[PDB]
Structure formats: C-alpha cells, structure tokens
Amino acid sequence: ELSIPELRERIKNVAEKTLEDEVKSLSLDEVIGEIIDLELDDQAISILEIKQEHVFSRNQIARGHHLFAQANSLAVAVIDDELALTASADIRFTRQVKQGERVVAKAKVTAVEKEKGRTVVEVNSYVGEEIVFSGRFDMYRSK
C-alpha cells in the first residue's frame, strides 16, 4: 500500500545520494566495470580493475576489447531509454594499460536527437591522470 509516485520519488532521492540513476538499457551485471556515477542522457563514470584475465600473457598489456567494453557499455547505460544500441564508434588507444591498473572511464552525452532516433556519447578513460582511451559513440535508441 505505497504509491508508484512516492515510491519513484524515493528512487529520485536514492539517486541523488548515490549519484547513480536507475539504468534502463541493460541489467547492471551487463556493464563492464563498476559504476561510480550515472546521470541519464548526461554523464557517467565507471572503473575497471585490470586483472590477469584481462591482459595478454606475453606482457600484461590489457586487451583493447576490455577497454572498449568498458566505454561501450557505459555509453549504453547513460542512454535514458530501454533500448540503446551502438551504431558506430570511432576510438583511439593512446597509452598501453597494464595489469593491476584501474581504468576510470568518463562518458559525456554530447548530442541527443530522440526525434531522429539517435544520440552521441563521448568516452574518455584514464589511468590516474592519463588518457589511455577515447571514443565517440553513435548510439541508437527508442522503444
């Protein structure tokens, strides 16, 4: 016996303390890396710890696809919609990440167009204070 307004208004409140909205596009499991901040149609931050199972055996350099998975899944989670899919992306690998490091990914939503079905998300990822990865992502949306 508690209403769907006042319940939802408690999510608004939890979301203001955790700086993390409810995700609509994927289950939380499904994002690569640990969400730190998630403000829908706007910005999000995640942090991935590069463990042995993420890195090449010869040299403990992280595989590009986990760096990408991190950014990609973030550009998905920021989208306020139950269905967002990556259309394209254009991405740069700028500094080798080593096993043991924490990659902090920072997504900004830099253009929405709910109208013509799409949205642009820029991700930059850091190890401490250095960019190791950046990409622009063309997201699709709607349901």
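Note that residue numbering begins at 1 and tracks the sequence as displayed.
For the two regions 51-59 and 111-119, the entry's Cα B-factors average higher over 111-119.
Remark: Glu82 belongs to the highest third of its chain, ranked by C-alpha B-factor as recorded. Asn13 sits in the highest third of its chain by CA B factor, as recorded in the PDB entry. When all modelled residues of the chain are sorted by CA temperature factor, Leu26 is found within the highest third.
The deposited CA B-factor of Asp37 belongs to the highest third of values across its chain.
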